[PDB]
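Novice: Structure below; questions to follow.
Every number here is computed from the coordinates shown, using simple stated rules; none is lab data. Cβ: placed from backbone, ideal geometry, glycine included. Neighbour counts: every protein chain shown.
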Amino acid sequence: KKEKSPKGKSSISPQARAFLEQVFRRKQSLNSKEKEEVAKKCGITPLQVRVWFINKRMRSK
């Protein structure tokens, strides 16, 4: 749904690596479902899961 959450201010708590840690730990191919399902349970967002995982999971592009 995405209501209102930029989450763009310098950086995030240790969760940055922790949240992503368990995220990339659960699997690798985080799809639109996992990107949204993972972003809401891990602490990311539909906009982050893509850009965030890009650098934290640069698979292709």
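Novice: Can you tell me how many residues within region 1-56 are more than 10 Å from the chain's Cα centre (by Cα) and outside any helix (DSSP H, G or I)?
Specialist: 18
Novice: Report every pair of residues separated by at least 6 positions or lying on different chains whose Cβ atoms are under 6 Å apart, first residue within region 30-55 and without any contact (Cβ under 8 Å) to a residue 12 or more places away in the chain, second of a type in the set (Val, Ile, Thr) and part of a helix (DSSP H, G or I).
Specialist: Between residues of region 30-55 that are without any contact (Cβ under 8 Å) to a residue 12 or more places away in the chain and residues that are of a type in the set (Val, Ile, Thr) and part of a helix (DSSP H, G or I), the close pairs are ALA39/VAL49.
Novice: A follow-up question, please. With the condition kept exactly as written, say whether any residue in region 16-32 is surrounded by 13 or more Cβ atoms within 10 Å (Cβ to Cβ), acidic (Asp, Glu) and closer than 23 Å to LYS1 by Cα.
Specialist: no
Novice: Output the number of the condition that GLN22 fails; it satisfies all remaining conditions of (1) more than 16 Å from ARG59 (Cα to Cα); (2) in contact with a helix residue (DSSP H, G or I) (Cβ under 6 Å, 6 or more places away or on another chain).
Specialist: Going through (1) more than 16 Å from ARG59 (Cα to Cα); (2) in contact with a helix residue (DSSP H, G or I) (Cβ under 6 Å, 6 or more places away or on another chain) one by one, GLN22 breaks only (2).
Novice: Can I ask one more? Residue pairs, Cβ under 9 Å, 6 or more apart or interchain, first in region 1-20 and within 14 Å of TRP52 (Cβ to Cβ) and in contact (Cβ under 8 Å) with a residue 40 or more places away in the chain, second part of a loop (DSSP other than H, G, I, E, B) and of a type in the set (A, V, I, L, M, F, W, C). List them.
Specialist: Listed pairs, sorted by first residue: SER5/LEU47; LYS7/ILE44; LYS7/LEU47.
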